[PDB]
Every structure is written in C-alpha cells, then in structure tokens.
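Coordinates from my_file-v6.cif are shown below (mmCIF, C-alpha atoms and all ligand atoms).
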```cif
data_target
loop_
_atom_site.group_PDB
_atom_site.id
_atom_site.type_symbol
_atom_site.label_atom_id
_atom_site.label_comp_id
_atom_site.auth_asym_id
_atom_site.auth_seq_id
_atom_site.Cartn_x
_atom_site.Cartn_y
_atom_site.Cartn_z
ATOM 1 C CA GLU B 21 -20.684 -1.798 -2.561
ATOM 2 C CA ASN B 22 -23.390 -1.041 0.127
ATOM 3 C CA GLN B 23 -26.288 -2.219 -2.167
ATOM 4 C CA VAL B 24 -28.798 -5.049 -1.343
ATOM 5 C CA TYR B 25 -30.013 -7.785 -3.802
ATOM 6 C CA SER B 26 -32.987 -10.250 -3.866
ATOM 7 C CA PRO B 27 -31.779 -13.538 -2.245
ATOM 8 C CA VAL B 28 -33.881 -15.407 -4.924
ATOM 9 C CA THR B 29 -33.303 -13.583 -8.300
ATOM 10 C CA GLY B 30 -30.019 -11.831 -7.266
ATOM 11 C CA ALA B 31 -31.576 -8.593 -8.740
ATOM 12 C CA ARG B 32 -30.491 -5.228 -7.238
ATOM 13 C CA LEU B 33 -33.116 -3.748 -4.817
ATOM 14 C CA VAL B 34 -34.242 -0.177 -5.726
ATOM 15 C CA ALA B 35 -37.024 2.049 -4.288
ATOM 16 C CA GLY B 36 -38.454 5.282 -5.797
ATOM 17 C CA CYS B 37 -41.483 7.657 -5.919
ATOM 18 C CA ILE B 38 -44.286 8.743 -8.308
ATOM 19 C CA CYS B 39 -44.342 12.346 -6.925
ATOM 20 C CA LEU B 40 -47.797 13.768 -7.937
ATOM 21 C CA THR B 41 -49.096 17.382 -7.524
ATOM 22 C CA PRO B 42 -51.984 17.800 -4.994
ATOM 23 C CA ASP B 43 -54.609 18.034 -7.852
ATOM 24 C CA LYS B 44 -52.919 14.868 -9.385
ATOM 25 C CA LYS B 45 -52.700 16.324 -12.969
ATOM 26 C CA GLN B 46 -48.830 16.349 -13.083
ATOM 27 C CA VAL B 47 -45.969 13.965 -12.010
ATOM 28 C CA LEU B 48 -42.391 15.149 -11.150
ATOM 29 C CA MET B 49 -39.669 13.717 -13.480
ATOM 30 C CA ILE B 50 -35.801 13.995 -13.517
ATOM 31 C CA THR B 51 -32.998 13.301 -16.076
ATOM 32 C CA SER B 52 -30.777 10.126 -15.940
ATOM 33 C CA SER B 53 -27.076 10.833 -14.974
ATOM 34 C CA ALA B 54 -25.580 8.317 -17.532
ATOM 35 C CA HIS B 55 -28.151 9.123 -20.326
ATOM 36 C CA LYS B 56 -28.380 12.961 -19.895
ATOM 37 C CA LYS B 57 -31.392 13.368 -22.325
ATOM 38 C CA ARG B 58 -33.705 10.601 -20.862
ATOM 39 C CA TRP B 59 -36.517 11.682 -18.425
ATOM 40 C CA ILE B 60 -37.089 9.087 -15.591
ATOM 41 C CA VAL B 61 -38.598 9.280 -12.027
ATOM 42 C CA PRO B 62 -36.668 9.515 -8.708
ATOM 43 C CA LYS B 63 -35.345 6.117 -7.462
ATOM 44 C CA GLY B 64 -32.127 4.519 -6.141
ATOM 45 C CA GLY B 65 -30.526 1.425 -4.541
ATOM 46 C CA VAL B 66 -31.613 0.299 -1.025
ATOM 47 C CA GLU B 67 -28.692 0.439 1.529
ATOM 48 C CA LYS B 68 -28.073 -2.118 4.388
ATOM 49 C CA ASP B 69 -29.069 0.219 7.312
ATOM 50 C CA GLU B 70 -32.493 1.159 5.773
ATOM 51 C CA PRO B 71 -35.442 -0.480 7.644
ATOM 52 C CA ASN B 72 -38.085 -0.251 4.825
ATOM 53 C CA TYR B 73 -38.481 0.741 1.110
ATOM 54 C CA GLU B 74 -40.327 3.986 2.136
ATOM 55 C CA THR B 75 -36.974 5.168 3.684
ATOM 56 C CA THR B 76 -34.932 4.487 0.493
ATOM 57 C CA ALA B 77 -37.721 6.110 -1.621
ATOM 58 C CA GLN B 78 -38.036 9.410 0.341
ATOM 59 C CA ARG B 79 -34.190 9.691 0.631
ATOM 60 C CA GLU B 80 -33.699 9.039 -3.147
ATOM 61 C CA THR B 81 -36.610 11.426 -4.064
ATOM 62 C CA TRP B 82 -34.827 14.143 -1.941
ATOM 63 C CA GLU B 83 -31.199 13.496 -3.134
ATOM 64 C CA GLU B 84 -32.262 13.226 -6.841
ATOM 65 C CA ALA B 85 -35.215 15.709 -7.189
ATOM 66 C CA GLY B 86 -35.133 17.888 -3.972
ATOM 67 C CA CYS B 87 -38.834 16.837 -3.491
ATOM 68 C CA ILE B 88 -40.621 16.548 -0.073
ATOM 69 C CA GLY B 89 -44.038 14.871 0.392
ATOM 70 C CA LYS B 90 -46.088 12.205 2.221
ATOM 71 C CA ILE B 91 -46.417 8.628 0.803
ATOM 72 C CA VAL B 92 -50.239 8.283 0.215
ATOM 73 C CA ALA B 93 -50.058 4.755 -1.381
ATOM 74 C CA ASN B 94 -47.812 1.680 -1.983
ATOM 75 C CA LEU B 95 -47.771 1.035 -5.804
ATOM 76 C CA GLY B 96 -45.999 -2.375 -5.428
ATOM 77 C CA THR B 97 -42.980 -3.672 -7.440
ATOM 78 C CA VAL B 98 -41.997 -3.675 -11.175
ATOM 79 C CA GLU B 99 -38.897 -5.459 -12.701
ATOM 80 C CA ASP B 100 -36.154 -4.225 -15.163
ATOM 81 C CA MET B 101 -36.149 -7.211 -17.621
ATOM 82 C CA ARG B 102 -33.012 -6.008 -19.527
ATOM 83 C CA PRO B 103 -31.070 -8.757 -21.382
ATOM 84 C CA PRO B 104 -27.325 -8.820 -20.430
ATOM 85 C CA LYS B 105 -24.928 -6.843 -22.758
ATOM 86 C CA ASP B 106 -23.456 -10.206 -24.016
ATOM 87 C CA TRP B 107 -26.977 -11.184 -25.294
ATOM 88 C CA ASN B 108 -26.273 -11.420 -29.100
ATOM 89 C CA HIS B 126 -33.694 -14.074 -18.381
ATOM 90 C CA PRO B 127 -33.307 -13.129 -14.663
ATOM 91 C CA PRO B 128 -34.293 -9.487 -13.896
ATOM 92 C CA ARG B 129 -31.601 -6.771 -13.444
ATOM 93 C CA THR B 130 -33.497 -4.511 -10.947
ATOM 94 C CA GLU B 131 -36.567 -4.954 -8.637
ATOM 95 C CA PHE B 132 -38.168 -1.482 -7.962
ATOM 96 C CA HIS B 133 -40.427 -0.766 -4.941
ATOM 97 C CA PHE B 134 -42.522 2.296 -5.964
ATOM 98 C CA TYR B 135 -44.636 4.578 -3.709
ATOM 99 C CA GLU B 136 -47.105 7.330 -4.722
ATOM 100 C CA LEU B 137 -46.023 10.567 -2.936
ATOM 101 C CA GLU B 138 -48.110 13.795 -2.730
ATOM 102 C CA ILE B 139 -45.688 16.747 -3.324
ATOM 103 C CA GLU B 140 -45.609 19.204 -0.348
ATOM 104 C CA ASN B 141 -42.482 21.224 -1.443
ATOM 105 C CA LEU B 142 -39.757 21.344 -4.178
ATOM 106 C CA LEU B 143 -36.395 22.932 -3.079
ATOM 107 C CA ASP B 144 -34.016 24.862 -5.457
ATOM 108 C CA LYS B 145 -30.900 23.296 -3.808
ATOM 109 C CA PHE B 146 -30.519 19.477 -3.331
ATOM 110 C CA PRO B 147 -27.552 17.033 -3.472
ATOM 111 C CA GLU B 148 -27.790 16.509 -7.315
ATOM 112 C CA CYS B 149 -29.237 19.977 -8.244
ATOM 113 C CA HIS B 150 -26.253 20.498 -10.678
ATOM 114 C CA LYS B 151 -26.147 16.883 -12.098
ATOM 115 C CA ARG B 152 -29.882 16.553 -13.108
ATOM 116 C CA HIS B 153 -32.885 18.562 -14.421
ATOM 117 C CA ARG B 154 -36.375 18.284 -12.808
ATOM 118 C CA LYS B 155 -39.864 19.106 -14.258
ATOM 119 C CA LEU B 156 -43.624 18.412 -13.719
ATOM 120 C CA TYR B 157 -45.284 16.619 -16.713
ATOM 121 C CA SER B 158 -48.967 15.755 -17.486
ATOM 122 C CA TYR B 159 -49.753 11.972 -17.732
ATOM 123 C CA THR B 160 -49.486 12.154 -21.611
ATOM 124 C CA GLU B 161 -46.012 13.844 -21.829
ATOM 125 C CA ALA B 162 -44.867 11.604 -18.896
ATOM 126 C CA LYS B 163 -45.965 8.422 -20.770
ATOM 127 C CA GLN B 164 -44.061 9.487 -23.960
ATOM 128 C CA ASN B 165 -40.928 10.455 -21.915
ATOM 129 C CA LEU B 166 -40.736 6.908 -20.403
ATOM 130 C CA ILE B 167 -41.350 5.396 -23.918
ATOM 131 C CA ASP B 168 -38.483 7.609 -25.277
ATOM 132 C CA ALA B 169 -36.429 6.403 -22.209
ATOM 133 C CA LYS B 170 -37.190 2.677 -23.036
ATOM 134 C CA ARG B 171 -38.314 2.176 -19.363
ATOM 135 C CA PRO B 172 -41.755 0.483 -19.522
ATOM 136 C CA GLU B 173 -41.403 -0.878 -15.911
ATOM 137 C CA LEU B 174 -41.375 2.817 -14.769
ATOM 138 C CA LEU B 175 -44.541 3.415 -16.921
ATOM 139 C CA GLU B 176 -46.216 0.332 -15.314
ATOM 140 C CA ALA B 177 -45.586 2.038 -11.914
ATOM 141 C CA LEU B 178 -46.885 5.455 -13.157
ATOM 142 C CA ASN B 179 -50.119 3.698 -14.345
ATOM 143 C CA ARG B 180 -50.707 2.121 -10.846
ATOM 144 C CA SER B 181 -50.710 5.747 -9.443
ATOM 145 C CA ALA B 182 -53.761 8.038 -8.850
ATOM 146 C CA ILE B 183 -52.610 10.377 -11.700
ATOM 147 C CA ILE B 184 -55.552 11.768 -13.778
ATOM 148 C CA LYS B 185 -55.456 10.433 -17.400
ATOM 149 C CA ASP B 186 -56.582 13.517 -19.444
HETATM 150 O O1 LIG B 201 -29.085 1.956 -16.837
HETATM 151 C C1 LIG B 201 -29.478 1.240 -15.943
HETATM 152 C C2 LIG B 201 -30.059 -0.157 -16.086
HETATM 153 P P1 LIG B 201 -30.859 -0.555 -17.662
HETATM 154 O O2 LIG B 201 -29.931 -0.071 -18.750
HETATM 155 O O3 LIG B 201 -32.193 0.147 -17.732
HETATM 156 O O4 LIG B 201 -31.041 -2.054 -17.714
HETATM 157 O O5 LIG B 201 -29.480 1.602 -14.655
HETATM 158 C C3 LIG B 201 -28.451 2.468 -14.141
HETATM 159 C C4 LIG B 201 -27.838 1.780 -12.936
HETATM 160 O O6 LIG B 201 -27.017 0.676 -13.445
HETATM 161 P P2 LIG B 201 -27.582 -0.819 -13.650
HETATM 162 O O7 LIG B 201 -26.797 -1.639 -12.651
HETATM 163 O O8 LIG B 201 -27.290 -1.257 -15.065
HETATM 164 O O9 LIG B 201 -29.078 -0.856 -13.359
HETATM 165 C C5 LIG B 201 -26.987 2.735 -12.110
HETATM 166 O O10 LIG B 201 -26.609 2.083 -10.879
HETATM 167 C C6 LIG B 201 -25.388 1.550 -10.773
HETATM 168 O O11 LIG B 201 -24.467 1.854 -11.476
HETATM 169 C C7 LIG B 201 -25.330 0.551 -9.665
HETATM 170 P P3 LIG B 201 -24.356 -0.913 -10.088
HETATM 171 O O12 LIG B 201 -23.371 -0.567 -11.185
HETATM 172 O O13 LIG B 201 -25.326 -1.971 -10.537
HETATM 173 O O14 LIG B 201 -23.640 -1.320 -8.826
HETATM 174 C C8 LIG B 201 -27.788 3.957 -11.708
HETATM 175 O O15 LIG B 201 -28.947 3.505 -10.924
HETATM 176 P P4 LIG B 201 -29.257 3.864 -9.400
HETATM 177 O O16 LIG B 201 -29.743 5.302 -9.409
HETATM 178 O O17 LIG B 201 -30.339 2.892 -8.967
HETATM 179 O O18 LIG B 201 -27.974 3.702 -8.592
HETATM 180 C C9 LIG B 201 -28.294 4.668 -12.945
HETATM 181 O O19 LIG B 201 -29.111 5.808 -12.543
HETATM 182 P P5 LIG B 201 -28.595 7.302 -12.553
HETATM 183 O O20 LIG B 201 -27.728 7.444 -11.312
HETATM 184 O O21 LIG B 201 -27.812 7.572 -13.834
HETATM 185 O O22 LIG B 201 -29.866 8.132 -12.469
HETATM 186 C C10 LIG B 201 -29.172 3.739 -13.753
HETATM 187 O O23 LIG B 201 -29.553 4.432 -14.973
HETATM 188 P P6 LIG B 201 -30.978 5.138 -15.137
HETATM 189 O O24 LIG B 201 -31.977 4.378 -14.285
HETATM 190 O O25 LIG B 201 -31.286 5.012 -16.617
HETATM 191 O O26 LIG B 201 -30.815 6.574 -14.703
#
```
Whole structure, structure tokens version:
Amino acid sequence: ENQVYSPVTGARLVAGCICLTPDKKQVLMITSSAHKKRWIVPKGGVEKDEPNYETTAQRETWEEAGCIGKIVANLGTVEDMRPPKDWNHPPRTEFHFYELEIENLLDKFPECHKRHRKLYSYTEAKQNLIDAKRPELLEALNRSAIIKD
C-alpha cells in the first residue's frame, strides 16, 4: 500500500526498537496482532514520507507499545529468512533496529486495546522470542546493551 521495499532483495523495509529500562536489566515486549500469544518487540513498516529509520522506529514504538525514549544506539539490520508458504531464499523482511532508553510508558496508545505490553529480563525475553520463532529479533536483542544475568 504505502510500504517501502529493498530495491535489491525486494524485501519489505521495517524499523523497530529494543526499549530498555534505564538500569538495562529489562526490555519492553508486546504481543503480535495475528498470533495473539506470541511476545515480540515494537516494529513496523517504513512509509514513503519518513526521512530515516529512527522516525519509523519511534512512531512504531509509540503506536504499538505507548513507549517514549531516546535512541542511544543503532543496532543495525537483521533479516526475516522465512521460506514462502508454497515451500513444500530471498528474505521476507529487513529490520532496522535501534536501542531506546525508556523515559515513559503511557496507559493509552493507538493499539492499547489490540496488544499487551510487559518488561522482561534478558532470560525471559530470550525464551519469548524462541517461543515466537523469531531469531532475527533475538539477534537484535543480543546487539543491545541489556545486562545478561
Ligand atoms: O508474520 C509475519 C512474517 P513471518 O511469519 O515471521 O515470516 O509478519 C507479519 C506481517 O506480515 P508479513 O508480510 O508476512 O511479514 C504483517 O504485515 C503485513 O501484513 C504487511 P504485508 O501483508 O506484507 O503488506 C504485520 O507486520 P508489520 O507490523 O510490520 O506491519 C504483522 O505484525 P502485527 O501487526 O501482527 O504485530 C507481522 O506479524 P508479527 O511480526 O509476528 O507480529
């Protein structure tokens, strides 16, 4: 619709955040809208108007998790290497991830009724993304400044 794709791989361009607490013991996570039981991290599709990936990230973090913070690091890109449904390979999604230091969480936000939202230690957060079958999101988490204990 209004989405943007890599001119090389034709993959859909996404940006998101690893929203860490100030102490950096916990990371904010949200539930998928399609898969209502899977815990992921805030991200969404880049739109034409958006000048940089930081814009898409901070927007998507707000819309999806009602989270406000400053980007303290670029974590680089990870790919969603998901084989096409008629599989029985070019990547599906390129994600541009930033580390964000949480300044505030709001009780209202545009998908406050469509998603849940919780802070998880590195351990619980690792298992959640295993359960979710999203290792490219775990790769991003690992590039963060999160404490591993
Ligand atoms: O499920 C997947 C892809 P995967 O099954 O991991 O290969 O992602 C959907 C995405 O559709 P797709 O085009 O297949 O990537 C969904 O996107 C689309 O439907 C866009 P399109 O159908 O490709 O135009 C949508 O992703 P975006 O947030 O980036 O929009 C879904 O996110 P949701 O809104 O449910 O949180 C996202 O699910 P998830 O990341 O598990 O939460």
Within 8 Å of ligand LIG 201 (chain B), counting all atoms listed in the file, residues as a ChimeraX atom specification: /B:21,23,32,34,51-55,58,60,62-65,84,100-103,129-130,169-171
Polymer residues at most 7 Å from (-39.3, 17.8, -4.2) by all atoms listed in the file, as a ChimeraX atom specification: /B:81-82,85-88,139,141-143
Proximity of range 53-157 of chain B to range 43-47 of chain B: per-residue shortest pair, 10 Å limit, all atoms listed in the file, as a Markdown table:
```
| residue | atom | partner | partner_atom | distance |
| --- | --- | --- | --- | --- |
| B:61 | CA | B:47 | CA | 8.7 |
| B:136 | CA | B:47 | CA | 9.9 |
| B:137 | CA | B:47 | CA | 9.7 |
| B:138 | CA | B:44 | CA | 8.3 |
| B:139 | CA | B:47 | CA | 9.1 |
| B:155 | CA | B:47 | CA | 8.3 |
| B:156 | CA | B:47 | CA | 5.3 |
| B:157 | CA | B:46 | CA | 5.1 |
```
Long-range neighbours of residue 132 in chain B as number ranges by chain, 6 Å cut-off, all atoms listed in the file, 5 positions minimum in chain: B: 34-35, 97-98
Could those selected residues go to a file with C-alpha atoms, as a short mmCIF file (atom, residue, chain, number, x, y, z; two decimals), in the frame of the given file?
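After the write, selection_21.cif holds the following:
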```cif
data_model
loop_
_atom_site.label_atom_id
_atom_site.label_comp_id
_atom_site.auth_asym_id
_atom_site.auth_seq_id
_atom_site.Cartn_x
_atom_site.Cartn_y
_atom_site.Cartn_z
CA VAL B 34 -34.24 -0.18 -5.73
CA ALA B 35 -37.02 2.05 -4.29
CA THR B 97 -42.98 -3.67 -7.44
CA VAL B 98 -42.00 -3.68 -11.18
#
```
Selection dump of the PyMOL selection byres (((chain B and resi 71-77) around 7) and not hetatm), as a count of residues only: 12
Quick one: what's the axis-aligned box for range 170-178 of chain B, all listed atoms, 6 Å on every side, centre and edges in Å to one decimal, as JSON?
```
{"center_x": -42.0, "center_y": 2.3, "center_z": -17.5, "size_x": 21.7, "size_y": 18.3, "size_z": 23.1}
```
Output of the PyMOL selection byres (((chain B and resi 163) around 12) and not hetatm), listed as a ChimeraX atom specification: /B:46-47,49,59-61,157-162,164-179,183,185-186
Distance of CA of residue 67 in chain B from CA of residue 135 in chain B, expressed in Å to one decimal place: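 Interatomic distance, CA of residue 135 in chain B to CA of residue 67 in chain B: 17.3 Å.
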Point-to-point distance in Å for CA of residue 40 in chain B and CA of residue 94 in chain B: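 Value for the CA of residue 94 in chain B-CA of residue 40 in chain B distance: 13.5 Å.
With only C-alpha atoms as the atoms that count, the residue of B:90, B:56, B:126, B:180 with the shortest distance to residue 153 in chain B is B:56.
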Residue among B:83, B:27, B:92, B:148 lying closest to residue 39 in chain B, counting all atoms listed in the file: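 Checking each of B:83, B:27, B:92, B:148 against residue 39 in chain B, counting all atoms listed in the file, the winner is B:92.
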Atom-to-atom span, CA of residue 182 in chain B and CA of residue 140 in chain B, Å: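 Going from CA of residue 182 in chain B over to CA of residue 140 in chain B, I get 16.2 Å.
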Nearest to residue 134 in chain B by atom-to-atom distance, counting only C-alpha atoms, from B:181, B:95, B:26, B:31: B:95
Nearest candidate to residue 25 in chain B (options B:68, B:93, B:48, B:184; using only C-alpha atoms):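 Closest candidate: B:68.
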